[PDB]
Amino acid sequence: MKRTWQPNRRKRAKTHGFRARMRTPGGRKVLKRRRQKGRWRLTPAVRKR
Amino acid sequence: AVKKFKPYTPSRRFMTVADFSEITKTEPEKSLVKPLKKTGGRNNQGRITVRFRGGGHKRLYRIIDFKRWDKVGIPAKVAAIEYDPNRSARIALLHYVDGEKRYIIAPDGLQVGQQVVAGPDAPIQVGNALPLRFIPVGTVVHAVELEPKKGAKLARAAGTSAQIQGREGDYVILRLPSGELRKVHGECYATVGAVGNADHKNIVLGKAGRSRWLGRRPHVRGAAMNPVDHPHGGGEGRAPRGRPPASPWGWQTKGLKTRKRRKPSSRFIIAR
RNA sequence: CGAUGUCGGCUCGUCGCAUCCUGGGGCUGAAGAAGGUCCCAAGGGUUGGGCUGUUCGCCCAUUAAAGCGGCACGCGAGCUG
RNA sequence: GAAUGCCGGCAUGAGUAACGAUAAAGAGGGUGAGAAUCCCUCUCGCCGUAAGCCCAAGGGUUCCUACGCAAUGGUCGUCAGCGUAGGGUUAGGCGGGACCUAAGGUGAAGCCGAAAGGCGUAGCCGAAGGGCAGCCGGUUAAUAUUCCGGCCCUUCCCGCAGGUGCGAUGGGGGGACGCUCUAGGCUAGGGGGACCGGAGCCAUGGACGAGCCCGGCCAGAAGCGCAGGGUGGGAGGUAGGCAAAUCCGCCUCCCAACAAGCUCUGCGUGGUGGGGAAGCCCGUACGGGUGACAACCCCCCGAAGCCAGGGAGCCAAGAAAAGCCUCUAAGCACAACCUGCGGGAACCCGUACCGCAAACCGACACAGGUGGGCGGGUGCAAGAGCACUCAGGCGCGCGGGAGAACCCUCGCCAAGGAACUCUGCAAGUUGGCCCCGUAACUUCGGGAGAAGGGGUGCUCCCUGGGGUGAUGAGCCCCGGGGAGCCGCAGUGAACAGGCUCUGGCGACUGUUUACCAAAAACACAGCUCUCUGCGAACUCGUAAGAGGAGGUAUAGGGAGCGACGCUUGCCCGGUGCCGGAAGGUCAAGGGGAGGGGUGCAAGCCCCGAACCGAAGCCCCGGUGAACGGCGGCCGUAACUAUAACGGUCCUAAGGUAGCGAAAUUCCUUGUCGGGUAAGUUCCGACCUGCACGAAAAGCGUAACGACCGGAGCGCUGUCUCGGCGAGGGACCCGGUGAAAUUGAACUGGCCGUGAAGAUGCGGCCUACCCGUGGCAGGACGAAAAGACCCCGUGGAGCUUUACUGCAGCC
RNA sequence: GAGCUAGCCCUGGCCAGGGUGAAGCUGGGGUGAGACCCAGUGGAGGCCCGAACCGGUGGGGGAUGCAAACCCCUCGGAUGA
RNA sequence: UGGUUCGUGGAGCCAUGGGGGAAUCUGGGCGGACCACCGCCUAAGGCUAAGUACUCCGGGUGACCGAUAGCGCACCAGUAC
RNA sequence: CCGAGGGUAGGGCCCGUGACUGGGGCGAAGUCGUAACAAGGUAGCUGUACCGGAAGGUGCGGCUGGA
RNA sequence: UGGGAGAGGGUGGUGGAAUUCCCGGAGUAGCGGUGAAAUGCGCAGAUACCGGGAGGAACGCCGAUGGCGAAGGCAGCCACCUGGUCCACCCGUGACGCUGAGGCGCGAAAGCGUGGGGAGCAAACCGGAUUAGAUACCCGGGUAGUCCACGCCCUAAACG
Ligand SMILES: [Mg+2]
Ligand SMILES: [Mg+2]
Ligand SMILES: [Mg+2]
Ligand SMILES: [Mg+2]
Ligand SMILES: [Mg+2]
Ligand SMILES: [Mg+2]
Ligand SMILES: [Mg+2]
Ligand SMILES: [Mg+2]
Ligand SMILES: [Mg+2]
Ligand SMILES: [Mg+2]
Ligand SMILES: [Mg+2]
Ligand SMILES: [Mg+2]
Ligand SMILES: [Mg+2]
Ligand SMILES: [Mg+2]
Ligand SMILES: [Mg+2]
Ligand SMILES: [Mg+2]
Ligand SMILES: [Mg+2]
Ligand SMILES: [Mg+2]
Ligand SMILES: [Mg+2]
Ligand SMILES: [Mg+2]
Ligand SMILES: [Mg+2]
Ligand SMILES: [Mg+2]
Ligand SMILES: [Mg+2]
Ligand SMILES: [Mg+2]
Ligand SMILES: [Mg+2]
Ligand SMILES: [Mg+2]
Ligand SMILES: [Mg+2]
Ligand SMILES: [Mg+2]
Ligand SMILES: [Mg+2]
Ligand SMILES: [Mg+2]
Ligand SMILES: [Mg+2]
Ligand SMILES: [Mg+2]
Ligand SMILES: [Mg+2]
Ligand SMILES: [Mg+2]
Ligand SMILES: [Mg+2]
Ligand SMILES: [Mg+2]
Ligand SMILES: [Mg+2]
Ligand SMILES: [Mg+2]
Ligand SMILES: [Mg+2]
Ligand SMILES: [Mg+2]
Ligand SMILES: [Mg+2]
Ligand SMILES: [Mg+2]
Ligand SMILES: [Mg+2]
Ligand SMILES: [Mg+2]
Ligand SMILES: [Mg+2]
Ligand SMILES: [Mg+2]
Ligand SMILES: [Mg+2]
Ligand SMILES: [Mg+2]
Ligand SMILES: [Mg+2]
Ligand SMILES: [Mg+2]
Ligand SMILES: [Mg+2]
Ligand SMILES: [Mg+2]
Ligand SMILES: [Mg+2]
Ligand SMILES: [Mg+2]
Ligand SMILES: [Mg+2]
Ligand SMILES: [Mg+2]
Ligand SMILES: [Mg+2]
Ligand SMILES: [Mg+2]
Ligand SMILES: [Mg+2]
Ligand SMILES: [Mg+2]
Ligand SMILES: [Mg+2]
Ligand SMILES: [Mg+2]
Ligand SMILES: [Mg+2]
Ligand SMILES: [Mg+2]
Ligand SMILES: [Mg+2]
Ligand SMILES: [Mg+2]
Ligand SMILES: [Mg+2]
Ligand SMILES: [Mg+2]
Ligand SMILES: [Mg+2]
Ligand SMILES: [Mg+2]
Ligand SMILES: [Mg+2]
Ligand SMILES: [Mg+2]
Ligand SMILES: [Mg+2]
Ligand SMILES: [Mg+2]
Ligand SMILES: [Mg+2]
Ligand SMILES: [Mg+2]
Ligand SMILES: [Mg+2]
Ligand SMILES: [Mg+2]
Ligand SMILES: [Mg+2]
Ligand SMILES: [Mg+2]
Ligand SMILES: [Mg+2]
Ligand SMILES: [Mg+2]
Ligand SMILES: [Mg+2]
Ligand SMILES: [Mg+2]
Ligand SMILES: [Mg+2]
Ligand SMILES: [Mg+2]
Ligand SMILES: [Mg+2]
Ligand SMILES: [Mg+2]
Ligand SMILES: [Mg+2]
Ligand SMILES: [Mg+2]
Ligand SMILES: [Mg+2]
Ligand SMILES: [Mg+2]
Ligand SMILES: [Mg+2]
Ligand SMILES: [Mg+2]
Ligand SMILES: [Mg+2]
Ligand SMILES: [Mg+2]
Ligand SMILES: [Mg+2]
Ligand SMILES: [Mg+2]
Ligand SMILES: [Mg+2]
Ligand SMILES: [Mg+2]
Ligand SMILES: [Mg+2]
Ligand SMILES: [Mg+2]
Ligand SMILES: [Mg+2]
Ligand SMILES: [Mg+2]
Ligand SMILES: [Mg+2]
Ligand SMILES: [Mg+2]
Ligand SMILES: [Mg+2]
Ligand SMILES: [Mg+2]
Ligand SMILES: [Mg+2]
Ligand SMILES: [Mg+2]
Ligand SMILES: [Mg+2]
Ligand SMILES: [Mg+2]
Ligand SMILES: [Mg+2]
Ligand SMILES: [Mg+2]
Ligand SMILES: [Mg+2]
Ligand SMILES: [Mg+2]
Ligand SMILES: [Mg+2]
Ligand SMILES: [Mg+2]
Ligand SMILES: [Mg+2]
Ligand SMILES: [Mg+2]
Ligand SMILES: [Mg+2]
Ligand SMILES: [Mg+2]
Ligand SMILES: [Mg+2]
Ligand SMILES: [Mg+2]
Ligand SMILES: [Mg+2]
Ligand SMILES: [Mg+2]
Ligand SMILES: [Mg+2]
Ligand SMILES: [Mg+2]
Ligand SMILES: [Mg+2]
Ligand SMILES: [Mg+2]
Ligand SMILES: [Mg+2]
Ligand SMILES: [Mg+2]
Ligand SMILES: [Mg+2]
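Going down the list, the protein sequences come from chains Z and B.
Take full-length UniProt numbering: the last position of the first sequence gets the number 49, and nothing is skipped along the way.
Take full-length UniProt numbering: the last position of the second sequence gets the number 273, and nothing is skipped along the way.
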């Protein structure tokens, strides 16, 4: 059947990107938490040009 | 007149379509004056706030003239009468000698080629606009302003009118389509005649689809729902209500008057 | 009750006898034929349909007879539902 | 030592199930330490509106090459999408960006919110939509509309030369638009050819023939030709297009009304450029050479694609902005722009490979899911259907035997045909097209494919229409008539309704519980009630704001009923709602008669009765397509029987019409009638309606249904009642090799007993040790800390005239 | 968290081939003028048959599956809600 | 209404959203309703070290652990997945 | 070829019959009420509509076969 | 040819009286109603009176025992559009006539469909009296209908 993962680079970027997270206090805290944690990747790596 | 069909299909046996014979050879509209992009959307910034809206034909807005006092004294020739997707009535395309082209909402009896004009001057004829004062008591009228210089707001639906009843210092009394008795300021413009396309009420949609074409989504009964959804939801195999009939939001829907009492508008109203 | 799947049908049986038929027998209000009733006897047999989920029952057409009951109201790691 | 404990290790089931579509394999030769599995050749099979090509998304080195086989590959592996290394992705014209705007996002002005923040016309962002200039070939092991070859374009910048009042983010034009049906002419694509070009080939009885086989094209500036799209030309007047216009708009006269003329495309032709089979020969993992000075011509079919902004009809009435044209404003007119010609300038990112799939989403080389375009030929009425088959790509990464039970899928069957069963479930019968022929009923459309029939191949003869060609040959489409031939059978294979009669329910097409319910449930047109005069009612939001709606009573919200026909009775006592400037009750506040506390006192501080005080409630009315309700008991007619009639109690009033053993009837398989040999079902009646009834509508209704019930015809393996056969498994051999489960086990029957259902206890009976294929009675077998029941002063969702609050309204 | 699913908004695309034959046109008939009636033309419809596509009716299979919804046969819609 | 031990209590004091609304030393607040007396303070402007909290970081010590312990991580871990 | 007739399939007309049901006719002396004929004690009749155990009542317009 | 009477028909418009409801004034203790009453309305200010406003329907006097139309039927007034008909003159045609199966049109009231309207009246229906009982007569309310447009319906003591 159709499963739940339907990859889209634009969506992944607009949805979970560094700039989206930065836009709101909710998201800014996510970066803070991930930084303090020592996460190698703050936001998902969306590729291609 | 109303177009009628033979039952060559079920739902074609009741279906019924407007007569478009008053639609003069001018079916597609007029750029310049209108159209605008019209912005379909069944809801506010976010959430739906009027249920069951959506779908249905794309539209172009015809930006019509609801304040006729710009062109006081300037007459215009009625050039055409065309279909307007965004109202029950039809619209008149008129050419002002000025050059300017406006649409007026098209009254019953309006003929193409006719002369029409607005102002204190203005022969009392079908199509003309006047401040309510100079209009003879008892004449039927439409596109009436509520307060002066604020635009036509009463009687624009197909086949509607108001009748002038009497006067009272600065106000003339109106009898509105609903039957209400209203004091409306003398200085309010209103155009003589009834609205026309009066056979609009006689049309039978005929099937579900037609409803959808006009963007009317299926309306579901409270009875059909559940207690979470509606006061009428549940219980077992059908149910008669079990309380005084209500809206989904709990207010009673048979009888409960809802106009706020202390409206300052009150001292200008005399009926139902 | 940290689970013993619950009616009826189907398949497969097997057991009790307080025997439906078939074998033996006494009494009969047993002339004969046919019954009645009781004793002995389970070796084998105990049909096909209509209606109903039915068990059961009521009917149709037959039969030597169309027996009753137990086996977790036998049988769902055999089926049905 | 236990916690269905936690982590780790290792066992049991077990050499057991399985090895992922039943499209299929065989042999010869290589290579190699080692081949069913890798390379080659031959034969065989499968796909071919794909299982073949081309894009887009996603993926991200998987591409190509060399050397490798530990692991990954459900076996093997010399192979590989795997390991190591090296190479590979080339653009002014293709896509995206130094262009535009959509929803939406953002957001200076501004508005709002304890804070965080929420709104917000301008602007900006935002795209497979608008705009915009490259086609055909050739080369690489791997890139090419990118490189190279030919042919052809696009902007910019500077020059010259010639024109013109040039000139904006401002004005106007345009861009610019639906759905269905379509005409004319073309192209893509395809078929045929006695014609042109070709290596070859006469096999096995015949054929040296207008024989077989293969191929007879592509791109292309200017100019022409042929289609077709766009468009009127003047001159006055002018007060509108938010400054100004010569533009546009609106008047008024002239000449056009034609596409005549201007342009603009498409398609042919075009200087020139390029491609060019079979077969034969070669060494490939593949391409190369020859065929070749290849030929490159004529007919026919022909688009859903082009001309494109074509035409016609219809109602539901069908984006925006820029490029572009035009008009003028500041300014500037030694400027600038326009045309032609020269020279120069032309960036950023993507480009490999997979792409219906072993490279994407599904933990997997997963029988699932994935948007767009090309998708050949023949035949069957047509087609993207179906059978076979080009190009092309495959035989689905375990095989070899055997020929048991049983299972899956499939084929056939004597006689009987539903006796099967909850049910004709399943399976069969029927089946395409042409021609006759069709009932009740009906809303006059339907019901209709009703039902039921006949025809269907091939050969020869005659003959009627078109289409393309000229008014003809041919080539292609449709027809008619007459003789005749063959078989069991002519839509000879594949794709293709069983039918009727009668009820229930719902009018109908639709919708629904993704993953057990598709329905009589929802929706639905239509009916009615009610609210709402517009800063509307209502909805979201603390607000701002927003929807409603750029709507205005023929409109908008809420409720119920639910096409249509005929209709929808009585009760307003209670609840609700609506209406009542009287009265009772009623809070803060006003009011202070009167009383209290302290002071030597002026004073200060307390309570505090009249009386004045809203809404609400009380009270008075109204209102049922508002919540709802719509009786009991005795007696009476000249056979009995029954009760039109009467008496009486109670009610707010005592169910009308219509229907009724029902989707409603307990007693019930009520009782008659009908269908049957037999009928708890079905249909028709009766009415004693436990416990119908009129918009939670009542009674009907043609049509409609994967809805539910009853009946009959047809047909059958459903059955009597089985039998045979096929393939995929099961079985045996080689390879790889799980699982839940598991206190340990040396794990027999009977009759007892025991916590009441014993392999394990008693007595007796029986029984050598160990396997393999089978069957499922038991191990109260496995599986889920029962979901029923009860318990816990456990939890949630739901309701109300339970309590208490809050939003909200007054 | 709406990359699944539900709804709506903007912008595109897709629906082989066949049937049936509404209005309206045109001719004739009819009348005082009509209605209306015959053809012919026309090509309407939540119309019909049926692929793609969208479903999921009944049965079988599958049940440590190919699959945590699958497969085979059958069936519904297929110019529209 | 909040704060304080103070839950309307005899409820002051300290803050305050609403309404009314003064005075400048013989002016004003407080000492738990209120009043008298005796007293204590001087609101409606602001700044002010130290003594106190913490431990990302450096060091010292341990009747602290010793790779299932000790931080999740002694090991290229907030990694693989 | 045609063809008596047989068979299959579907219709048209007519007759008989059917639980139950509709009114009708007739049947010397049953019940209920009093509608009509006198001005019938509400003048009567009427087409239609609704309602009522029943005659009948009432709405609407009409008639003299009444005043 | 020339005249004349008429509620003959259709459309558009308009006038006053009266009834009801609303508003304001004034005004009180009863009004309505019948054979008699009661229901009902009224100190929440009825009835009666004055003023203003709204709305619908029907046209007093003229009016007749009258006129007109084929019948059904037609009545305030005005204008348009229009049918029939009688007189005079004897001017034209020249037998063109009468009747009429069918057909076709018209056709009171009630009724029906769609939409509008709704003052008064008023089936059904609710009450109050009467009665043995009243589903009637009489009284107080009252919905369809009565009105209009369009479409049906085709009945009558459609009677002279
Ligand atoms: Mg525009
Ligand atoms: Mg937002
Ligand atoms: Mg609904
Ligand atoms: Mg429900
Ligand atoms: Mg609720
Ligand atoms: Mg119920
Ligand atoms: Mg309820
Ligand atoms: Mg238990
Ligand atoms: Mg257990
Ligand atoms: Mg168990
Ligand atoms: Mg015995
Ligand atoms: Mg004996
Ligand atoms: Mg039993
Ligand atoms: Mg037994
Ligand atoms: Mg028992
Ligand atoms: Mg049992
Ligand atoms: Mg068992
Ligand atoms: Mg099992
Ligand atoms: Mg069941
Ligand atoms: Mg222990
Ligand atoms: Mg373990
Ligand atoms: Mg085993
Ligand atoms: Mg085995
Ligand atoms: Mg095996
Ligand atoms: Mg395989
Ligand atoms: Mg095959
Ligand atoms: Mg094949
Ligand atoms: Mg790699
Ligand atoms: Mg490779
Ligand atoms: Mg190699
Ligand atoms: Mg291997
Ligand atoms: Mg594998
Ligand atoms: Mg090797
Ligand atoms: Mg590699
Ligand atoms: Mg740049
Ligand atoms: Mg940009
Ligand atoms: Mg932009
Ligand atoms: Mg925008
Ligand atoms: Mg915006
Ligand atoms: Mg914002
Ligand atoms: Mg673009
Ligand atoms: Mg480009
Ligand atoms: Mg390549
Ligand atoms: Mg210029
Ligand atoms: Mg411009
Ligand atoms: Mg512009
Ligand atoms: Mg030979
Ligand atoms: Mg060419
Ligand atoms: Mg100007
Ligand atoms: Mg070559
Ligand atoms: Mg066009
Ligand atoms: Mg712009
Ligand atoms: Mg490339
Ligand atoms: Mg590529
Ligand atoms: Mg594809
Ligand atoms: Mg594989
Ligand atoms: Mg796959
Ligand atoms: Mg697909
Ligand atoms: Mg094709
Ligand atoms: Mg075919
Ligand atoms: Mg196919
Ligand atoms: Mg047989
Ligand atoms: Mg046979
Ligand atoms: Mg038979
Ligand atoms: Mg049977
Ligand atoms: Mg049986
Ligand atoms: Mg059945
Ligand atoms: Mg079947
Ligand atoms: Mg049916
Ligand atoms: Mg249905
Ligand atoms: Mg679905
Ligand atoms: Mg489901
Ligand atoms: Mg299902
Ligand atoms: Mg269905
Ligand atoms: Mg909101
Ligand atoms: Mg708004
Ligand atoms: Mg709006
Ligand atoms: Mg409404
Ligand atoms: Mg309903
Ligand atoms: Mg319903
Ligand atoms: Mg219903
Ligand atoms: Mg009712
Ligand atoms: Mg009541
Ligand atoms: Mg009430
Ligand atoms: Mg009341
Ligand atoms: Mg009230
Ligand atoms: Mg009060
Ligand atoms: Mg009954
Ligand atoms: Mg019942
Ligand atoms: Mg019987
Ligand atoms: Mg019977
Ligand atoms: Mg009911
Ligand atoms: Mg009801
Ligand atoms: Mg359906
Ligand atoms: Mg049926
Ligand atoms: Mg069988
Ligand atoms: Mg076999
Ligand atoms: Mg083996
Ligand atoms: Mg042993
Ligand atoms: Mg035992
Ligand atoms: Mg022992
Ligand atoms: Mg023992
Ligand atoms: Mg067992
Ligand atoms: Mg068991
Ligand atoms: Mg438990
Ligand atoms: Mg229970
Ligand atoms: Mg308790
Ligand atoms: Mg026609
Ligand atoms: Mg069609
Ligand atoms: Mg259809
Ligand atoms: Mg279909
Ligand atoms: Mg406190
Ligand atoms: Mg104080
Ligand atoms: Mg103090
Ligand atoms: Mg003190
Ligand atoms: Mg102090
Ligand atoms: Mg550790
Ligand atoms: Mg260790
Ligand atoms: Mg750890
Ligand atoms: Mg009969
Ligand atoms: Mg009889
Ligand atoms: Mg009498
Ligand atoms: Mg009388
Ligand atoms: Mg009488
Ligand atoms: Mg009556
Ligand atoms: Mg009468
Ligand atoms: Mg003469
Ligand atoms: Mg009539
Ligand atoms: Mg009438
Ligand atoms: Mg209607
Ligand atoms: Mg009255
Ligand atoms: Mg009365
Ligand atoms: Mg008469």
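Positions of the beta carbon are idealized from the N, C-alpha and C atoms, including for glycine.
Taking residue i as part of the alpha helix (DSSP H), name the residues at either end of that continuous run.
i, result
"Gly223 (chain B)", "Taken as a continuous stretch (DSSP letters only), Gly223 (chain B) belongs to no alpha helix (DSSP H), as it is neither H nor E."
The beta strand (DSSP E) spanning residue i covers which residue range?
i, result
"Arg103 (chain B)", "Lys102 to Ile106"
Could you give the distance in angstroms between the alpha-carbon of residue i and the alpha-carbon of residue j?
i, j, result
"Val73 (chain B)", "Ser89 (chain B)", "27 Å"
"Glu237 (chain B)", "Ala247 (chain B)", "19 Å"
"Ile65 (chain B)", "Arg183 (chain B)", "25 Å"
Would residue i be called buried (16 or more neighbouring beta carbons within 10 Å of its own) or exposed?
i, result
"residue 1 (chain B)", "Not covered by the structure: residue 1 (chain B). The range shown for chain B is 2 to 273."
In this structure, how does DSSP classify residue i when only helix, strand and coil are distinguished?
i, result
"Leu182 (chain B)", "strand"
"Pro137 (chain B)", "coil"
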